[PDB]
Structure formats: structure tokens, C-alpha cells
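Participant: First, the structure itself, so that you have it in front of you.
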Amino acid sequence: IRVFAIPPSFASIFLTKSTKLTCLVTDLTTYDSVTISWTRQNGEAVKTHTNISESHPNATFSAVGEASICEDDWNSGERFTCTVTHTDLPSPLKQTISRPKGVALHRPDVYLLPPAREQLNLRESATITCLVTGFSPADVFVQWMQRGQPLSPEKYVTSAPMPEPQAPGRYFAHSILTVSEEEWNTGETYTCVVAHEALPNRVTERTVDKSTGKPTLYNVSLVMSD
Amino acid sequence: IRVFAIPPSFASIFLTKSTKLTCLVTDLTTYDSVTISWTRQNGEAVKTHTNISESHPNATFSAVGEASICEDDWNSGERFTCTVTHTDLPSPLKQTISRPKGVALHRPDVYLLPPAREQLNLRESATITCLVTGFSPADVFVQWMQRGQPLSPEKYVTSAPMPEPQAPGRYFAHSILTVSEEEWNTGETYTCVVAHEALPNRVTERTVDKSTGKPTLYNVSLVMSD
Amino acid sequence: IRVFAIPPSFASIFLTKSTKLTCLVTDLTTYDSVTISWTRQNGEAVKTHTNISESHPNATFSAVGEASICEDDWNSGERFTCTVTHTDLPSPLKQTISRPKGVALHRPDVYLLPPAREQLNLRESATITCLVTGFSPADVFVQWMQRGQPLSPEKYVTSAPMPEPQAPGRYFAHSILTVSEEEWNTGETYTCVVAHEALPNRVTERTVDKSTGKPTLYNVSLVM
Ligand SMILES: *[C@@H]1O[C@H](CO)[C@@H](O)[C@H](O)[C@H]1NC(C)=O
Ligand SMILES: *[C@@H]1O[C@H](CO)[C@@H](O)[C@H](O)[C@H]1NC(C)=O
């Protein structure tokens with residue numbers, strides 16, 4: 001019986017606006033004799049909602065329990081222990097998780113790149129790049145919004161954090177968005193929202209527009225009619 | 001005892017300029033009774049050099065089987081076979097690897113993006129991105145050069161190919177090269193070479209320099225009547 | 001009976017992407033008693049496809065034979081031997097061929113020049129020259145491409161490498177492409193691909209057009 005209880009990820013916490021735990025238990029034969037419950041250091045019982053998934057092809061069943069806990073408990077590093085009881089287990093299987101301390105925190109620097117002109121000449125599609133670098137540790141959520149309305153999660157692809165070459169400890173990642181030529185030429189404004197723990201306000205935003213950085217042009221005419 | 005044969009990759013053959021074969025066998029109790037032999041499909045024997053690595057922490061041993069084969073035969077279609085004989089295994093284990101067929105070919109397009117103005121205003125470093133998108137299959141090699149001589153493999157980090165949601169079956173990838181602000185302000189030239197199967201010459205290059213894409217700031221129209 | 005066995009040059013290797021051998025035999029009387037077959041240094045029966053040509057006007061025949069070899073085998077340094085057997089020859093004629101060693105490597109410098117303004121003023125045609133200079137040894141392959149499409153080999157003529165008086169050992173060569181001015185005044189861009197054995201990636205490219213050379217900052221003009 002494989003009993004796993006992953007910690008709540010930062011991205012999931014920011015997306016769902018709540019703290020939910022999960023004790024994934026697999027390799028189960030009988031799903032009618034399972035019980036999943038979490039507790040604190042003192043021993044107070046925590047209301048845990050257990051759900052039963054489908055039957056795995058290897059004749060094994062899954063038991064998932066989820067509970068809602070106030071961010072303060074997890075943020076404080078309070079240890080959460082999962083309780084698993086089954087008829088095939090002579091003793092219950094329990095695991096303890098907490099927060100790893102001594103973690104470096106550096107606010108990420110966000111850079112937004114506009115589409116190359118040579119690409120626009122083909123009249124096919126434009127690509128806007130949102131670079132996020134110098135963040136610690138690897139927990140970053142990148143979201144693209146247009147005119148204050150979030151976009152669908154299909155139009156952009158977000159990479160995974162990778163170590164920086166010159167600076168150990170610093171990570172970096174970047175995502176791209178694909179838009180049609182006419183929408184870009186119309187004059188729409190796009191924004192890149194980045195969510196990180198080390199940020200003072202936890203949220204920073206960068207915007208891009210067709211008319212951004214265009215230098216002043218000069219049109220001089222001379223007659224010199226002696 | 002597990003037998004794992006790793007077929008050569010485009011980048012590996014493109015680098016060493018030769019085709020190499022790896023037949024990795026792990027979970028070996030005794031390393032003095034292992035025979036790694038490469039045999040062609042027809043029946044001819046291929047020389048294999050046996051090399052033994054260190055001892056794994058889990059009381060297991062691994063062996064490496066290396067064979068040299070002409071690159072013209074790898075894409076011909078004929079299969080290979082790595083034979084492993086050991087006292088523990090009652091019968092030898094065999095593996096079959098070849099080049100798959102049934103994948104369309106597409107020409108990657110290379111776009112070069114200069115660093116953002118905000119980063120240069122901060123005056124710390126500069127980031128050049130060599131985007132490579134619209135290709136199939138997923139074997140691409142990217143290298144950076146400046147003023148003819150190549151660059152060290154530590155100054156840039158590439159990303160594994162990822163599917164493009166807008167072009168099913170077409171992939172994309174991006175390479176980032178970090179340089180100092182002073183070197184960028186000098187007026188140096190940087191290039192990213194891309195190697196792919198579908199390219200007629202299998203080599204495509206793009207050039208970037210501080211002075212690129214600058215529009216016409218002035219427009220003087222001298223007139224006269226004489 | 002004369003037997004000629006040429007080596008596969010770099011130009012052919014790059015053009016057909018497959019190393020091929022040839023052992024031409026001339027001054028032949030009977031074509032029914034000729035057998036051409038290549039062999040390895042240690043001795044092997046290399047698959048040779050013998051072909052029969054026509055009859056020369058001087059009442060002599062000729063024969064050819066091809067044998068495919070993995071490129072690495074050739075550049076490795078192995079010497080070969082061509083086997084010729086005939087009823088009129090008491091002993092077979094064997095020739096040993098190999099590539100020379102001990103050659104300094106010089107990367108080719110590529111340059112592109114636009115047509116002269118007088119030729120355009122003539123309103124007839126144009127000629128673009130691709131200069132490949134300062135390279136050694138003398139084995140180069142120049143190809144032209146427009147709109148990412150290889151151009152008909154009847155449009156450009158290439159020159160065989162010639163020694164450079166300025167420096168000893170290095171060579172130089174160039175090719176010209178003729179295009180009418182009607183196509184030239186559309187802003188068409190032309191590419192000159194150079195293939196060599198000393199380049200890191202064996203391929204170099206250059207581009208030319210009207211916008212190449214004109215200043216980009218100011219736009220001075222006259223109205224008259
Ligand atoms: C500059 O002046 C010329 C006439 O001298 C005119 O054709 C052109 O439109 C002017 N530029 C702009 C940006 O209006
Ligand atoms: C420069 O002036 C000419 C007329 O002299 C005009 O045709 C052109 O549009 C002008 N350039 C720009 C960028 O407006």
C-alpha cells in the first residue's frame with residue numbers, strides 16, 4: 001500500500017484561493033475499509049473529506065482525502081500528519097510534513113518582449129514573451145490578462161523553472177502568447193501577471209502595446225529659393 | 001537485471017560527427033561475468049567495448065556497451081540487437097531499436113530578439129533569445145558563436161521541445177544567451193546556428209548587433225527652383 | 001588498355017550526399033571480357049555495379065564501375081585497389097589511390113558585390129559576384145539560392161580555384177549570377193552558399209539587396 005501526502009503547492013493555493021491537503025493512497029484492494037484523517041501536534045481531530053476514485057488497471061484502488069486548513073497553520077510551518085487505517089495494515093501508516101526553513105527569497109524581475117518585425121512581415125502570427133528571472137525558490141505563477149479580463153489557459157505555454165548559468169541559486173522561466181496579426185495591429189494592450197512569495201505585494205504586472213518606445217521622427221523641408 | 005538500449009540522437013551524431021550506441025545494463029550483482037555484445041540484424045558481429053562504472057549505493061552495478069556504426073546504415077531501417085549474457089539470467093535478454101518512419105518534416109523558423117531596454121537602463125547584463133519554432137520532428141541542435149569562434153556550453157541554456165497548441169504536431173524551443181552590458185555596448189555580433197533534418201543544408205544562422213532595426217529618424221527634402 | 005581511377009571529390013560528395021567510386025577503363029576491344037570490382041585493404045568483395053558505355057569512334061570501347069563506401073571509411077586513410085581483368089591482359093592491372101595528407105586548413109572568406117550602376121543604367125541585365133578567397137586546400141563548392149529555392153544550374157558559372165600571388169598556398173574563386181533588371185528592381189534578396197571542409201559547420205551564407213549599403217538614419221531627398 002503506497003501512502004503519499006503531498007504538500008499544498010503555491011500555484012494551487014494562488015489559483016484556488018484556499019488551502020487544501022491531499023493524502024493519496026494507492027495499491028488498495030478493498031475501498032470499503034479505508035479512513036483518511038489529518039491532525040495537529042496536540043491531537044485535535046480535523047474534518048477530512050475522503051473520496052474514492054475509479055479502479056486502476058492493476059487491480060488497485062485509490063483513496064484521496066482533502067481538508068481545508070487556514071493558511072496561517074501551514075504558513076507557520078505547523079506539522080500535519082495523515083492517518084491511514086485499513087484491514088490489511090497491522091498498524092496505521094502515518095507521515096509528517098512541514099515547511100523547509102532557511103529558504104532564499106529574491107523578488108523576480110519581469111521583462112516583456114514584443115514580436116520581431118521580421119516575423120510580422122509574414123502576416124501569420126505574433127509572439128509576446130514574458131521573461132521572469134532571479135526568483136527563489138521555484139514557485140512562480142504566470143498569467144496573461146487582456147483589458148482586465150483573464151485569457152483562456154490554452155493560448156499560452158509556460159515553461160518550468162531552470163537554474164541560471166552564471167548565478168547559482170537563481171532560477172528563471174518564461175512564457176509566450178500567440179495572437180493574430182490583425183489583433184496586434186489594432187492596438188490591443190496585453191499584460192503579464194506574475195505571482196511569487198518574495199514579492200512585497202505578492203503580485204507584479206507588466207504591459208505591452210504596439211505604440212511603445214517609438215522614437216520621435218523628424219520631417220524637415222527646405223526651399224532655399226534664392 | 002534490466003537491459004536498456006538508448007538510440008543515438010541527432011545532436012549526439014551532429015557533435016561527435018559519428019553514430020554511437022549505448023546499451024546500459026543495471027541491477028547487476030556481479031560485474032565480472034557480464035558480456036555486452038552488439039549484433040547486426042543479418043548476423044554479423046559488431047565490436048563492443050565493455051566499460052564498468054562505479055558501485056551504486058543500492059548494492060547494484062552497471063555496465064556500458066558502446067558500438068560504432070556508419071551513420072548511413074542507422075537511417076536505412078535495419079534493426080540492431082544488444083545481447084546480454086549473465087549467470088543470474090537463465091536466458092540472454094535482447095533489445096530492438098531502429099529509426100521510426102511516419103513523421104512529416106517541417107522547416108524551423110529562427111527569430112532573434114534583442115534585449116529589453118529596461119534591462120540595459122539598469123546596466124547590469126543583456127539577454128539575447130534565439131527562438132526556434134514550427135518544426136517536426138523534435139530533434140534540434142542550437143549553438144552560439146561570435147566573430148567566428150564558438151562559445152562555451154556554459155554561457156547558454158536551452159529548453160526541451162514542447163508542443164505548440166496552435167500547430168498540432170509542430171514544436172517550438174528557445175535559447176537564452178546572457179552577456180555583460182559593456183560587451184553589448186561595444187558593438188559585438190552574436191549568432192545562433194540551428195541544425196535540423198528538414199533544412200536542405202541542415203544549417204541555418206541569424207545575426208544580431210546593437211545597431212539592428214533602427215528606423216529612419218530624419219527625412220530631409222531639399223527643394224529648389226532655378 | 002588504359003585504366004583510370006579517380007577519387008571522390010568534395011564537390012560530388014556534397015552534391016549527391018553519398019561517396020561513390022569510379023574506375024574508368026579506356027582502350028578496350030571486347031566489352032564481354034571486362035570485370036571491375038573494388039576491394040578493401042585487407043581484401044573484400046565490394047559490391048561493384050559495372051556499366052557498359054558506347055563505342056568510341058576510334059574502334060575502342062570503355063567500361064565504368066561504381067562502388068558505394070561509407071564516407072568515414074574514405075577519409076580514415078585506407079588505400080584501395082581497382083581490379084581490371086581482360087583476355088588481352090596477361091596480368092590484372094591494379095592501381096592504388098588515396099587522399100593526400102599534410103595540408104594546412106584555411107577557412108574561406110565570403111564576399112558579395114552588387115552590380116555596377118552602369119549596367120543597370122543600360123536597362124538590360126545585372127550580374128552579382130560571390131567572392132570566396134583565402135582558403136586552403138582548393139576544394140570548394142558554391143551554390144546560389146533565391147526565395148529559399150535552389151536556382152537552375154544554367155544561371156550561374158563558377159571558376160576553378162587559382163593560386164593567390166599575395167600569399168603562398170591559399171587559393172581564391174568566385175561565381176557570377178545573371179538576373180534581368182526587372183527582377184532586380186523588386187527588392188529580391190540573393191544568397192550565396194559556400195561548402196568547404198575547413199568550416200566548423202561546412203556551410204556559410206551571405207545576402208545582398210538594394211537596402212544593403214544605403215544609410216538608415218537620415219532620408220535626404222530632392223524634389224526639383
Ligand atoms: C513630410 O513632408 C512631405 C512633403 O514635403 C510629405 O509628403 C510627408 O507626408 C511628410 N511627413 C509626414 C509624416 O507627414
Ligand atoms: C519622406 O518624404 C517623402 C517625400 O519627400 C515621403 O514620400 C515619405 O513618406 C517621407 N517619409 C516618412 C517616413 O514619412
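Letters A, B, ... go to the chains of the C-alpha cells in the order shown; residues in each chain start at 1; ligands are counted from 1 in the same order.
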Residues within 8 Å of ligand 2, counting only C-alpha atoms and all ligand atoms: report them as a VMD selection string.
Facilitator: (chain A and resid 217 219) or (chain B and resid 216 218 to 221) or (chain C and resid 219 221 to 223)
Participant: So which residues of range 5-118 of chain A fall under strand (DSSP E) by DSSP, listed as number ranges by chain?
Facilitator: A: 24-28, 35-39, 45-46, 49-55, 61-66, 80-85, 93-97, 109-113
Participant: Using only C-alpha atoms, find the residues of chain C whose closest atom to chain B is at most 10 Å away, then write them as an mmCIF file with N, CA and C atoms, in the first residue's frame.
Facilitator:
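Written output follows (result.cif):
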data_model
loop_
_atom_site.group_PDB
_atom_site.id
_atom_site.type_symbol
_atom_site.label_atom_id
_atom_site.label_comp_id
_atom_site.auth_asym_id
_atom_site.auth_seq_id
_atom_site.Cartn_x
_atom_site.Cartn_y
_atom_site.Cartn_z
ATOM 1 N N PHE C 14 29.318 16.423 -51.526
ATOM 2 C CA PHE C 14 28.291 17.342 -51.045
ATOM 3 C C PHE C 14 27.078 17.369 -51.967
ATOM 4 N N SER C 18 26.527 11.128 -50.951
ATOM 5 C CA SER C 18 26.892 9.714 -50.876
ATOM 6 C C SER C 18 28.201 9.512 -51.621
ATOM 7 N N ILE C 69 30.779 3.610 -50.636
ATOM 8 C CA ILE C 69 31.605 3.403 -49.410
ATOM 9 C C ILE C 69 31.182 4.430 -48.353
ATOM 10 N N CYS C 70 31.006 4.009 -47.094
ATOM 11 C CA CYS C 70 30.694 4.990 -46.016
ATOM 12 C C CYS C 70 31.790 6.062 -46.024
ATOM 13 N N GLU C 71 31.414 7.341 -45.957
ATOM 14 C CA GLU C 71 32.413 8.438 -46.094
ATOM 15 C C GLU C 71 33.552 8.250 -45.086
ATOM 16 N N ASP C 72 33.231 7.946 -43.825
ATOM 17 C CA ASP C 72 34.288 7.843 -42.782
ATOM 18 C C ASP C 72 35.388 6.893 -43.266
ATOM 19 N N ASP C 73 35.008 5.790 -43.917
ATOM 20 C CA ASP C 73 35.996 4.794 -44.410
ATOM 21 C C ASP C 73 37.026 5.505 -45.293
ATOM 22 N N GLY C 148 14.709 30.994 -50.934
ATOM 23 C CA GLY C 148 14.872 29.654 -50.340
ATOM 24 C C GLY C 148 14.667 28.544 -51.354
ATOM 25 N N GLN C 149 14.922 28.822 -52.636
ATOM 26 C CA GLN C 149 14.795 27.781 -53.690
ATOM 27 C C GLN C 149 16.109 27.686 -54.473
ATOM 28 N N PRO C 150 16.697 26.484 -54.654
ATOM 29 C CA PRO C 150 17.908 26.336 -55.466
ATOM 30 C C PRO C 150 17.640 26.806 -56.902
ATOM 31 N N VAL C 193 25.641 30.222 -51.040
ATOM 32 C CA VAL C 193 26.057 29.157 -50.078
ATOM 33 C C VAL C 193 27.466 28.675 -50.436
ATOM 34 N N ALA C 195 30.389 25.758 -49.507
ATOM 35 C CA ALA C 195 30.633 24.481 -48.797
ATOM 36 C C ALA C 195 32.132 24.178 -48.796
ATOM 37 N N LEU C 199 35.426 24.618 -42.661
ATOM 38 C CA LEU C 199 34.454 25.355 -41.872
ATOM 39 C C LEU C 199 33.912 24.478 -40.744
ATOM 40 N N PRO C 200 33.624 25.071 -39.581
ATOM 41 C CA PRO C 200 33.094 24.265 -38.465
ATOM 42 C C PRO C 200 31.789 23.559 -38.790
ATOM 43 N N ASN C 201 30.911 24.193 -39.568
ATOM 44 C CA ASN C 201 29.616 23.615 -39.912
ATOM 45 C C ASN C 201 29.466 23.349 -41.405
ATOM 46 N N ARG C 202 30.533 23.525 -42.187
ATOM 47 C CA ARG C 202 30.600 23.197 -43.609
ATOM 48 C C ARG C 202 29.690 24.058 -44.475
ATOM 49 N N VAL C 203 29.061 25.091 -43.917
ATOM 50 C CA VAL C 203 28.114 25.921 -44.656
ATOM 51 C C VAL C 203 28.262 27.366 -44.199
ATOM 52 N N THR C 204 28.354 28.284 -45.161
ATOM 53 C CA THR C 204 28.349 29.714 -44.891
ATOM 54 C C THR C 204 27.441 30.397 -45.904
ATOM 55 N N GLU C 205 26.800 31.484 -45.475
ATOM 56 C CA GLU C 205 25.832 32.180 -46.312
ATOM 57 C C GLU C 205 26.082 33.680 -46.264
ATOM 58 N N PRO C 215 22.342 54.294 -46.221
ATOM 59 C CA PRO C 215 22.220 54.690 -44.814
ATOM 60 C C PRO C 215 20.782 54.566 -44.330
ATOM 61 N N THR C 216 20.637 54.291 -43.032
ATOM 62 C CA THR C 216 19.329 54.080 -42.431
ATOM 63 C C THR C 216 18.857 55.232 -41.557
ATOM 64 N N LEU C 217 19.784 56.071 -41.086
ATOM 65 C CA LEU C 217 19.408 57.159 -40.141
ATOM 66 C C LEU C 217 18.618 58.254 -40.866
ATOM 67 N N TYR C 218 19.267 58.989 -41.774
ATOM 68 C CA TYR C 218 18.596 60.139 -42.441
ATOM 69 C C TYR C 218 17.959 59.705 -43.759
ATOM 70 N N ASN C 219 17.078 60.549 -44.305
ATOM 71 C CA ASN C 219 16.433 60.253 -45.612
ATOM 72 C C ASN C 219 16.482 61.524 -46.467
ATOM 73 N N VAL C 220 17.680 61.921 -46.906
ATOM 74 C CA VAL C 220 17.838 63.176 -47.702
ATOM 75 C C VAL C 220 17.302 62.939 -49.118
ATOM 76 N N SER C 221 16.504 63.876 -49.637
ATOM 77 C CA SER C 221 15.898 63.714 -50.986
ATOM 78 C C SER C 221 15.780 65.076 -51.677
ATOM 79 N N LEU C 222 15.615 65.078 -53.003
ATOM 80 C CA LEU C 222 15.443 66.348 -53.760
ATOM 81 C C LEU C 222 14.129 66.286 -54.545
ATOM 82 N N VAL C 223 13.479 67.434 -54.754
ATOM 83 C CA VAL C 223 12.155 67.456 -55.448
ATOM 84 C C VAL C 223 12.318 68.132 -56.812
ATOM 85 N N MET C 224 13.251 69.082 -56.926
ATOM 86 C CA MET C 224 13.458 69.821 -58.174
ATOM 87 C C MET C 224 12.166 70.473 -58.658
#
Participant: With a distance cut-off of 12 Å and only C-alpha atoms, select the neighbouring residues of residue 52 in chain B, excluding the residue or stretch itself and same-chain residues fewer than 4 positions from it, and output the selection as a VMD selection string.
Facilitator: chain B and resid 24 to 26 28 30 to 36 56 60 to 66
Participant: Compile the contact shell of residue 130 in chain A as an NGL selection string: residues with an atom at most 12 Å away, counting only C-alpha atoms, same-chain residues fewer than 5 positions apart removed.
Facilitator: (:A and (108-115 or 141-144 or 156-159 or 172-178 or 190-194 or 205-208)) or (:B and (116 or 129))
Participant: Could you take the residues named above and write them with C-alpha atoms, as a CSV table (one decimal), in the first residue's frame?
Facilitator:
chain,number,residue,atom,x,y,z
A,108,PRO,CA,11.8,38.0,-9.6
A,109,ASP,CA,12.5,40.7,-12.4
A,110,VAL,CA,9.8,40.6,-15.1
A,111,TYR,CA,10.7,41.6,-18.8
A,112,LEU,CA,8.1,41.7,-21.6
A,113,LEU,CA,9.4,41.2,-25.2
A,114,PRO,CA,7.4,42.4,-28.3
A,115,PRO,CA,7.2,40.4,-31.6
A,141,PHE,CA,2.6,31.5,-11.5
A,142,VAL,CA,2.4,33.4,-14.8
A,143,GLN,CA,-1.0,34.6,-16.1
A,144,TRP,CA,-1.9,36.7,-19.2
A,156,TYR,CA,-0.1,30.4,-23.8
A,157,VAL,CA,2.6,27.9,-22.8
A,158,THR,CA,4.5,28.3,-19.6
A,159,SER,CA,7.9,26.7,-19.0
A,172,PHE,CA,14.3,31.7,-14.5
A,173,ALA,CA,11.4,30.9,-16.7
A,174,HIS,CA,9.3,32.5,-19.4
A,175,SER,CA,6.1,32.0,-21.3
A,176,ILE,CA,4.9,33.1,-24.7
A,177,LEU,CA,1.5,34.1,-26.1
A,178,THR,CA,0.3,33.8,-29.7
A,190,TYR,CA,-1.7,42.8,-23.1
A,191,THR,CA,-0.5,42.2,-19.6
A,192,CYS,CA,1.7,39.6,-17.8
A,193,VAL,CA,0.8,39.0,-14.1
A,194,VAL,CA,3.5,37.1,-12.0
A,205,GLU,CA,2.3,43.3,-13.6
A,206,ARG,CA,3.9,44.2,-17.0
A,207,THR,CA,2.1,45.6,-20.0
A,208,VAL,CA,2.9,45.8,-23.8
B,116,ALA,CA,14.8,44.8,-23.5
B,129,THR,CA,16.8,35.0,-27.2
Participant: Would you list the contacts of residue 87 in chain C as an MDAnalysis selection string, taking every protein, DNA or RNA residue within 9 Å and counting only C-alpha atoms, but skipping same-chain residues closer than 6 positions in sequence?
Facilitator: chainID C and resid 30 33:34
Participant: Mind dumping the selected residues with C-alpha atoms as a PDB file, in the first residue's frame?
Facilitator:
ATOM      1  CA  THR C  30      35.892  -6.512 -76.352  1.00  0.00           C
ATOM      2  CA  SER C  33      35.570  -9.804 -71.047  1.00  0.00           C
ATOM      3  CA  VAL C  34      35.779  -6.827 -68.668  1.00  0.00           C
TER       4      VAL C  34
END
Participant: Within 12 Å of range 86-96 of chain B, counting only C-alpha atoms, which residues qualify if same-chain residues fewer than 2 places away don't, as a VMD selection string?
Facilitator: chain B and resid 1 to 7 22 to 25 27 to 41 77 to 84 98 to 100
Participant: Do you know which residues are at most 8 Å from residue 146 in chain C counting only C-alpha atoms, after dropping those on the same chain fewer than 6 positions away, and could you put them as an MDAnalysis selection string?
Facilitator: chainID C and resid 188:191
Participant: What is the distance between CA of residue 151 in chain A and CA of residue 132 in chain A, in Å to one decimal?
Facilitator: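 Taking CA of residue 151 in chain A and CA of residue 132 in chain A, their separation equals 19.0 Å.
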Participant: Identify all residues of range 150-193 of chain C in alpha helix (DSSP H) (DSSP on the backbone) and supply them as a list in words.
Facilitator: residues 181, 182, 183 and 184 of chain C
Participant: Could you write out that same residue set with N, CA and C atoms as a CSV table (one decimal), in the first residue's frame?
Facilitator:
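Generated output (result01.csv):
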chain,number,residue,atom,x,y,z
C,181,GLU,N,17.1,43.2,-64.9
C,181,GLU,CA,16.9,44.3,-64.0
C,181,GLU,C,15.4,44.4,-63.6
C,182,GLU,N,14.5,43.9,-64.4
C,182,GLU,CA,13.1,43.8,-64.0
C,182,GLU,C,12.9,43.0,-62.7
C,183,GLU,N,13.6,41.9,-62.6
C,183,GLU,CA,13.6,41.2,-61.3
C,183,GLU,C,14.4,41.8,-60.2
C,184,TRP,N,15.5,42.5,-60.6
C,184,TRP,CA,16.4,43.1,-59.6
C,184,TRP,C,15.7,44.3,-58.9
